[PDB]
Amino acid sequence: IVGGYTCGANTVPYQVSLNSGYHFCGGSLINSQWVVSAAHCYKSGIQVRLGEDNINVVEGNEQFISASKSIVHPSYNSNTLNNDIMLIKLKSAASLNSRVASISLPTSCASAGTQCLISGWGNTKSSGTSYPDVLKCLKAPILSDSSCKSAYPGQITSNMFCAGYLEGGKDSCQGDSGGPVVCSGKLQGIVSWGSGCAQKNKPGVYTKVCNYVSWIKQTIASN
């Protein structure tokens, strides 16, 4: 997260870290046994880390649970990042409390102008590299589809939306991928891609979760 603020320990209780010996992507807990992330975060041998603030210090509220199954969206295209969404089933159910909690799926899509909360342990610099150890937060609005398509000609599908600031300076970044975009208490987006980070006229692009609720629900019901 570039240009954000320190969230505070366990104030984003649905935020997960995906760990393969190191943090490499975020994710969102959507019930006690399932995490949603970005398909471009796929790899084998994922441990899901819940209840994290400092990802380098054991602080006492963590739950570490290995993945038993990963399901990349059937139509994920790694060249265009269309359908950049994946489900991860935990080997055992998480213990839910005030610091580890699920986030609700949306029943409707959010409109441009809605303010959302984006969070992650990704890079905090637009030119250098500096990775934080504690969770960072950013409040950002959903942008109109017209401004999104004007910023990224020929690249925005109906399964994507832009959020952020056309002026630059505030954005998600590398290492935030897979993490949540939460608006009015519902998971509306997944950190997916962008050109650089926090560049002028290059806002962040997010997977539009409301298009996938039927697939998520049917997949969880049968796996």
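All residue numbers are counted from 1 along the displayed sequence.
- Here the stretch with the larger average CA B-factor, out of 198-206 and 17-25, is 198-206.
- Between 97-105 and 124-132, it is 124-132 that carries the larger average Cα temperature factor according to the deposited entry.
- Residues shown: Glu167, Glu52, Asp171, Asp176. Highest C-alpha temperature factor in the entry: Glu167.
- When the Cα B-factors of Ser78, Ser119, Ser75, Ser150 are read from the PDB record, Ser150 comes out highest.
- Ranked within its chain, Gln33 lands in the middle third, by CA B factor from the PDB record.
- Looking at the C-alpha B-factors along this chain, the one for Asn159 belongs to the middle third.
- In the deposited entry, the Cα temperature factor of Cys183 sits in the middle third of values across the chain's modelled residues.
- When all modelled residues of the chain are sorted by CA temperature factor, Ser192 is found within the lowest third.
- Ranked against the other modelled residues of its chain, the C-alpha B-factor of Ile46 as given in the entry falls in the highest third.
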